[PDB]
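Okay, structure first, notes after.
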Amino acid sequence: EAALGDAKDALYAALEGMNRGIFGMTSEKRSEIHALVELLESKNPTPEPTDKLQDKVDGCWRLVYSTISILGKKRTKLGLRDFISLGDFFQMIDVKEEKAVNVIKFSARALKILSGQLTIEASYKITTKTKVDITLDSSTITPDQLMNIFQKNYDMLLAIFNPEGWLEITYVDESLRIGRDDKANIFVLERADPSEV
Amino acid sequence: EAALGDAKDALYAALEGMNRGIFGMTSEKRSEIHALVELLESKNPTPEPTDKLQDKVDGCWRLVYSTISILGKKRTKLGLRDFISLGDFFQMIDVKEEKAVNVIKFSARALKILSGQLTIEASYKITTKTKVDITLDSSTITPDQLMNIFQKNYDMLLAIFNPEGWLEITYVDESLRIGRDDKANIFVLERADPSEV
Amino acid sequence: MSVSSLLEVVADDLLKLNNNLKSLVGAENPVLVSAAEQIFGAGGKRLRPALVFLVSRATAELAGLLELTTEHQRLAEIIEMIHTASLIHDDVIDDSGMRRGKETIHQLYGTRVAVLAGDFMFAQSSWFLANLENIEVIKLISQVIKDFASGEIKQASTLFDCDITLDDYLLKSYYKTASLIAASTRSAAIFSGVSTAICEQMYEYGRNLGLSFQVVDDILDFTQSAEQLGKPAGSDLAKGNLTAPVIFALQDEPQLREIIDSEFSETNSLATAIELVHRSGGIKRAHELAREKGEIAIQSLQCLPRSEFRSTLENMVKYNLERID
Amino acid sequence: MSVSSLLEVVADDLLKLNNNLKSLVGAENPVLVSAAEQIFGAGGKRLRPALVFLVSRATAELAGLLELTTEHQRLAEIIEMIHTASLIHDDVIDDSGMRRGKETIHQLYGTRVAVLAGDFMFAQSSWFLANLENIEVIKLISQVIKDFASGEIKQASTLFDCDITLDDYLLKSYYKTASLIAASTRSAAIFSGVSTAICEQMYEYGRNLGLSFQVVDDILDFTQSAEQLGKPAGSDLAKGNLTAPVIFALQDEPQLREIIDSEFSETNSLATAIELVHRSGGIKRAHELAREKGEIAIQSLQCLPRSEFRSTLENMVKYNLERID
Ligand SMILES: CC(C)=CCC/C(C)=C\CC/C(C)=C\CC/C(C)=C/CSP(=O)(O)OP(=O)(O)O
Ligand SMILES: CC(C)=CCC/C(C)=C\CC/C(C)=C\CC/C(C)=C/CSP(=O)(O)OP(=O)(O)O
Ligand SMILES: [Co+2]
Ligand SMILES: [Co+2]
């Protein structure tokens with residue numbers, strides 16, 4: 001199919017330059033992007049999706065759009081306007097051991113020693129046949145230099161990226177899924193080979 | 001004519017990148033350039049040149065090669081390795097009033113106010129039929145900011161560029177003449193419209 | 001009311017100082033000779049060394065000194081080299097092409113020369129100050145330098161922080177501007193030999209005069225048009241630096257808080273924030289902020305016997321306050 | 001003989017200092033926190049604060065102090081922040097990507113952060129020093145900073161100047177290196193409370209130790225191979241900076257004077273100049289220059305009662321001299 005296929009390409013096209021929406025976005029572009037993702041989640045090919053977790057939701061998922069924005073005072077506290085480049089965001093969902101990993105990678109644009117990541121181990125469970133109840137277990141900033149940079153603001157950072165709560169899985173394709181957590185956030189993720197992490 | 005014509009072009013070609021030889025030059029290229037220059041001055045089309053001053057030597061002459069080099073300690077005292085860009089060197093020879101002007105123009109990065117010049121007015125005579133006798137009258141650094149920069153080293157600068165002495169004229173063509181002053185210096189000058197000064 | 005009218009009272013002091021500083025900085029180094037002529041725009045008629053010279057002369061007359069000492073003049077040069085060196089370094093840090101229309105040293109000569117020139121002036125000031133041999137003045141001025149560091153830290157820390165208070169802002173204004181003036185005027189009083197009461201009233205004269213000055217420049221970065229400024233109007237706001245007009249506006253306007261929190265994410269959002277400042281009447285409360293600062297300064301000077309020194313000090317205050325009509 | 005073997009005697013002092021300086025610089029600013037961890041390579045085992053600590057402890061023991069005071073430790077941190085801030089600023093000035101293999105702050109974080117970091121450390125040192133409240137120590141250290149400025153001026157002034165003497169060169173070596181060590185060791189003695197004779201012998205210990213160090217680094221920029229150095233061998237020469245091996249070579253070799261006067265115009269001319277240095281035996285007279293410097297330093301220490309402190313000070317000298325065989 002190409003209807004939701006070319007709509008998917010359209011969403012991919014509207015996202016370019018917005019940096020996954022993580023440092024804010026003009027409101028008309030946000031309305032546009034939510035229009036496209038609600039068009040997609042209306043056209044869900046995988047209904048009833050929490051019993052199809054392993055062949056649809058299992059795998060390594062790279063973030064391509066989310067409503068999570070880091071702006072203002074916390075962008076400044078984290079050093080994220082001029083020093084640290086918020087890199088990729090992954091959400092490997094492994095259904096065997098019933099896990100949910102959030103890997104948020106970081107950089108410093110010259111420092112080979114700062115190129116670390118924030119890891120967030122979570123464990124989910126299926127409450128509703130379209131929802132999953134996620135709970136946080138472990139959290140980690142590595143290496144110790146990045147942890148040195150973020151440690152005084154560790155809880156703010158984790159809380160930005162904490163997958164706890166629930167995740168209602170609206171759209172599920174083989175290379176793209178769309179989620180909506182309890183905080184009214186949209187998470188548009190795509191497939192990434194687990195070597196990307 | 002093409003022998004000394006394309007030899008002239010060859011001299012023009014061997015000079016590119018040597019910055020008129022004013023900040024030194026590898027000895028093999030200096031031997032090459034003096035070879036081409038003695039080839040040219042052996043082919044002087046204007047014998048007895050001091051009686052043909054108004055129609056051959058008259059005009060504004062831009063320096064394209066000379067043995068005058070500013071290297072080492074003097075380059076450092078004048079600020080000529082990292083700050084001030086020694087610009088063009090002109091030698092207008094106006095034969096009516098028996099004048100000889102040396103205009104050495106100067107520059108600085110982004111400093112519109114430092115773009116000035118050292119002016120050196122001299123008066124020549126005709127001692128020998130191929131050889132003029134030059135004597136210094138006036139000297140000037142303008143504007144007052146460049147003079148501020150050079151003033152403590154004014155005599156060194158003038159002495160670098162002082163046309164006083166005598167200038168034995170060889171190979172005076174219509175668009176290129178070659179000089180050999182009393183200090184064994186070679187001066188290869190070309191024609192420049194007096195607005196370039 | 002004008003600048004020259006104020007500074008003519010110490011025009012001679014100011015000229016000697018400008019000459020010494022041009023001679024010293026730019027120490028027979030070609031590039032530094034040019035940069036010193038560029039930095040010390042001939043005449044020496046700048047506010048900070050002139051305040052040093054006016055408090056110097058007012059308090060000296062009050063004290064019985066017939067001339068200004070060597071300490072007073074080394075102090076005006078310390079103050080001026082510190083101020084200038086800090087502005088050069090601040091333009092290299094946070095790359096700035098212009099400073100009040102004039103082009104910066106960093107732009108004309110490059111970062112390497114600007115850093116060298118600022119370092120050189122800071123070194124010269126360190127040494128002049130050590131050789132004043134007044135431990136209290138050395139401490140005041142070392143506090144000024146340390147407060148430059150504190151101010152850089154706190155400025156980077158409070159970018160886009162809509163919960164900054166007016167005491168926080170006034171401390172950033174102190175760190176930036178008021179600290180060096182307050183220090184210079186208490187030190188001028190100290191070297192004149194007048195009492196600790198007059199030296200504290202001159203610290204408070206310089207502190208509130210420098211706070212008024214900073215508040216009024218904070219206002220003029222809104223009012224003045226984008227051509228009167230080398231910058232767009234409201235460039236302290238675009239950049240995350242919330243000054244007292246914005247702080248007064250965010251006390252009652254919520255929409256402005258949503259605008260600054262997005263870091264002006266919406267398009268045209270800086271101009272919307274500008275008009276919310278002009279509508280909130282935060283500019284008028286900043287105008288009165290500046291007037292109250294200046295009036296504490298004018299009341300600071302009442303300790304000084306009548307003269308044209310302290311009349312010019314009061315006109316320092318008045319000129320500042322009428323720079324915002 | 002080794003570096004750690006020397007620095008163990010005050011390893012604990014050095015660790016406390018490194019911790020304080022990492023905490024202070026990088027003052028909960030993300031980029032500055034990283035730059036401080038980068039700058040103060042964990043452990044604090046660097047020569048200059050260790051000299052401060054060894055003269056501090058030797059002279060303190062001689063004086064009857066049971067511990068090092070707060071002044072001694074603020075002084076080791078002053079010395080270390082000054083040295084570090086000057087190296088950062090020197091790498092921005094005269095753009096340098098590396099410093100002894102390690103990469104510079106200017107390269108990793110950029111000029112803006114390097115200038116901010118160096119400025120911050122200089123501000124912190126200014127303030128620490130003012131608050132030592134010792135006018136003689138404040139003067140010594142202000143002279144160190146002023147001599148950094150003098151050294152920049154004189155270094156630019158003497159580029160490619162084949163008529164530079166060995167007293168001129170040794171003054172450039174002082175300005176660059178020896179002044180801060182001499183100041184730190186006289187100040188360490190001063191705060192220990194020992195006599196003016198022992199404080200002058202510690203000024204002379206520090207100035208001849210720092211002169212030997214500079215002479216031996218001047219030699220190793222010829223000796224060490226182009227890869228053992230982050231840069232080609234003989235890079236102080238290529239650049240116009242004539243060190244004591246070249247100055248000793250130009251006393252009898254004329255060809256080298258024609259080579260340096262052309263500013264190495266001929267191709268292969270730097271290598272010809274290098275071999276003329278290695279042939280002139282200017283390296284050996286520089287080697288003996290360094291040994292004589294170090295022996296005045298070792299004779300400087302004879303005022304100190306026998307201890308592990310002055311034995312490590314004598315091994316400071318010996319390690320330096322055996323770094324060049
Ligand atoms: C090295 C030594 C002894 C002391 C160094 C002093 C030090 C710690 C830092 C240098 C001084 C710096 C960077 C800033 C303070 C000077 C100043 C008035 C800055 C304007 S703040 P903004 O940039 O926001 O405003 P705009 O640019 O518009 O003026
Ligand atoms: C701001 C303030 C209070 C003081 C500032 C201090 C000041 C006046 C200047 C900064 C300090 C500078 C630039 C140089 C001195 C430090 C130093 C050891 C330089 C090596 S000289 P070279 O570069 O030739 O050698 P290489 O690079 O190889 O080490
Ligand atoms: Co700034
Ligand atoms: Co240098």
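Residue numbering restarts at 1 in every chain; chains get A, B, ... in the order shown in the structure tokens, and ligands count up from 1 in that same order.
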
Just need the residues of chain C within 7 Å of chain D, counting only C-alpha atoms, so spit them out as an mmCIF file with N, CA and C atoms, in the first residue's frame.
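To be explicit, this is the file written out as out_25.cif:
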```cif
data_model
loop_
_atom_site.group_PDB
_atom_site.id
_atom_site.type_symbol
_atom_site.label_atom_id
_atom_site.label_comp_id
_atom_site.auth_asym_id
_atom_site.auth_seq_id
_atom_site.Cartn_x
_atom_site.Cartn_y
_atom_site.Cartn_z
ATOM 1 N N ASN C 29 55.042 47.632 20.073
ATOM 2 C CA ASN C 29 54.665 46.508 19.254
ATOM 3 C C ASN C 29 53.792 47.049 18.140
ATOM 4 N N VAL C 92 35.432 38.729 22.487
ATOM 5 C CA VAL C 92 35.934 37.443 22.023
ATOM 6 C C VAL C 92 35.043 36.317 22.526
ATOM 7 N N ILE C 93 34.909 36.187 23.847
ATOM 8 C CA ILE C 93 33.887 35.325 24.400
ATOM 9 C C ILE C 93 32.588 35.826 23.844
ATOM 10 N N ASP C 94 31.664 34.940 23.583
ATOM 11 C CA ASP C 94 30.434 35.350 22.921
ATOM 12 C C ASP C 94 30.662 36.305 21.758
ATOM 13 N N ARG C 112 43.311 36.526 18.263
ATOM 14 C CA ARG C 112 44.614 36.370 18.869
ATOM 15 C C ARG C 112 45.126 37.691 19.408
ATOM 16 N N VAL C 115 42.807 38.865 22.410
ATOM 17 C CA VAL C 115 43.112 38.168 23.640
ATOM 18 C C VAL C 115 44.446 38.632 24.191
ATOM 19 N N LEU C 116 45.424 38.851 23.326
ATOM 20 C CA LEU C 116 46.697 39.369 23.781
ATOM 21 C C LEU C 116 46.565 40.761 24.370
ATOM 22 N N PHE C 120 47.206 41.696 28.214
ATOM 23 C CA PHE C 120 48.213 42.685 28.512
ATOM 24 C C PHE C 120 47.678 43.772 29.426
ATOM 25 N N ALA C 123 47.186 42.303 32.900
ATOM 26 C CA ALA C 123 48.482 42.191 33.556
ATOM 27 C C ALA C 123 48.965 43.538 34.065
ATOM 28 N N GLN C 124 48.847 44.567 33.248
ATOM 29 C CA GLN C 124 49.287 45.888 33.662
ATOM 30 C C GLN C 124 48.494 46.389 34.849
ATOM 31 N N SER C 126 46.895 44.457 37.119
ATOM 32 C CA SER C 126 47.313 43.659 38.266
ATOM 33 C C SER C 126 48.519 44.258 38.937
ATOM 34 N N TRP C 127 49.490 44.645 38.132
ATOM 35 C CA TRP C 127 50.740 45.156 38.643
ATOM 36 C C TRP C 127 50.591 46.560 39.225
ATOM 37 N N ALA C 130 48.804 46.026 42.586
ATOM 38 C CA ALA C 130 49.735 45.549 43.596
ATOM 39 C C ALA C 130 50.614 46.671 44.117
ATOM 40 N N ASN C 131 51.023 47.566 43.246
ATOM 41 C CA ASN C 131 51.961 48.581 43.643
ATOM 42 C C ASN C 131 51.312 49.835 44.198
ATOM 43 N N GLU C 133 49.812 49.335 46.854
ATOM 44 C CA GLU C 133 50.189 48.883 48.185
ATOM 45 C C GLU C 133 49.126 49.148 49.222
ATOM 46 N N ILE C 135 45.978 47.489 50.695
ATOM 47 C CA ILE C 135 45.395 46.156 50.689
ATOM 48 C C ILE C 135 43.890 46.226 50.525
ATOM 49 N N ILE C 138 43.335 46.925 46.845
ATOM 50 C CA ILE C 138 43.641 45.718 46.097
ATOM 51 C C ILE C 138 42.516 44.723 46.245
ATOM 52 N N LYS C 139 41.922 44.646 47.432
ATOM 53 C CA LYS C 139 40.804 43.746 47.674
ATOM 54 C C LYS C 139 39.536 44.177 46.958
ATOM 55 N N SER C 142 40.164 43.310 43.255
ATOM 56 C CA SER C 142 40.142 41.876 43.051
ATOM 57 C C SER C 142 38.752 41.323 43.157
ATOM 58 N N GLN C 143 37.924 41.930 43.991
ATOM 59 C CA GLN C 143 36.519 41.606 44.013
ATOM 60 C C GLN C 143 35.833 42.016 42.730
ATOM 61 N N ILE C 145 37.197 41.918 39.793
ATOM 62 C CA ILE C 145 37.597 40.932 38.797
ATOM 63 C C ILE C 145 36.926 39.594 39.065
ATOM 64 N N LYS C 146 36.848 39.214 40.331
ATOM 65 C CA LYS C 146 36.161 37.999 40.682
ATOM 66 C C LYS C 146 34.685 38.071 40.348
ATOM 67 N N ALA C 149 34.009 37.211 36.841
ATOM 68 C CA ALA C 149 33.882 35.759 36.708
ATOM 69 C C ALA C 149 32.528 35.245 37.202
ATOM 70 N N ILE C 153 29.510 33.303 34.963
ATOM 71 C CA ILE C 153 28.864 32.086 35.427
ATOM 72 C C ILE C 153 27.360 32.286 35.567
#
```

| request: Skip residue 134 in chain A itself and residues of its chain fewer than 6 positions away, then list as an MDAnalysis selection string all residues within 8 Å of it, counting only C-alpha atoms. | output: chainID A and resid 100 122:125 163:167

| said: Show me, as a VMD selection string, every residue of chain C with an atom at most 6 Å from chain A, counting only C-alpha atoms. | reply: chain C and resid 160 to 161 261 to 263 265 to 266

| CA of residue 108 in chain B to CA of residue 62 in chain B: how many Å, to one decimal? |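 Spanning CA of residue 108 in chain B to CA of residue 62 in chain B is a straight-line distance of 20.1 Å.
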
| request: Enter the distance from CA of residue 186 in chain C to CA of residue 70 in chain D, in Å, rounded to one decimal. | output: 28.8 Å

| message | Going by DSSP on the backbone, which residues of range 18-228 of chain C come out as strand (DSSP E)? List them as number ranges by chain. | response | C: 98-99, 102-103
